[PDB]
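Let me begin by presenting the structure, written as structure tokens, before commenting on it.
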Amino acid sequence: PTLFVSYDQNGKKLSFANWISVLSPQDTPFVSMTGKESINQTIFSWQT
Amino acid sequence: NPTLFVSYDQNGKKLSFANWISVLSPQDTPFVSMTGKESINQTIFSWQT
């Protein structure tokens, strides 16, 4: 059991990163540039 | 269609309901009003005639 190296080590301590990567976009410009109106479901309508 | 002054062809009318629901029904409970309250714990007892 000589040739002591990481392959032979035991009880090691990891070196992970304390964060997570995310690249999924979150722009959504349409929903932000429209505007919401109100309650009162389709009982009303545009009628133009 | 502006052909004639009628209501059948009106676009975008108003439903014009009445704001009330007169669905009255009888509810008196005279017996239950002239009995009282004798709250109990269990449901197997008696009254020892």
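By convention here, the chains of the structure tokens are called A, B, ... in the order presented, each chain's residues are numbered starting at 1, and ligands are numbered starting at 1 in the order presented.
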
What are the closest atom pairs, with distances in Å to one decimal, for all residues of chain A lying within 12 Å of chain B? Consider only C-alpha atoms, order rows by chain and residue number, and present the result as CSV.
residue,atom,partner,partner_atom,distance
A:43,CA,B:15,CA,9.6
A:44,CA,B:12,CA,9.4
A:45,CA,B:12,CA,8.5
A:46,CA,B:12,CA,8.8
A:47,CA,B:12,CA,6.1
A:48,CA,B:12,CA,9.0

Got a sec to tell me which of range 3-48 of chain A DSSP assigns to helix (DSSP H, G or I), as a CSV table (one decimal) with N, CA and C atoms, in the first residue's frame?
chain,number,residue,atom,x,y,z
A,29,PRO,N,-40.2,40.8,-22.3
A,29,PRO,CA,-40.5,42.2,-22.5
A,29,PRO,C,-41.9,42.5,-22.8
A,30,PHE,N,-42.6,41.6,-23.5
A,30,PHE,CA,-44.0,41.8,-23.8
A,30,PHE,C,-44.9,41.9,-22.6
A,31,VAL,N,-44.8,41.0,-21.6
A,31,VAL,CA,-45.6,41.0,-20.4
A,31,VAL,C,-45.3,42.3,-19.6
A,32,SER,N,-44.1,42.8,-19.7
A,32,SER,CA,-43.7,44.0,-19.0
A,32,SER,C,-44.1,45.3,-19.7

### Task
Have a look at CA of residue 18 in chain B and CA of residue 5 in chain B and let me know their distance in Å, one decimal.
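Spanning CA of residue 18 in chain B to CA of residue 5 in chain B is a straight-line distance of 26.3 Å.
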
### Query
Could you state the separation of CA of residue 15 in chain A and CA of residue 1 in chain A in Å, given to one decimal place?
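Rounded to one decimal, the two atoms are 25.6 Å apart.
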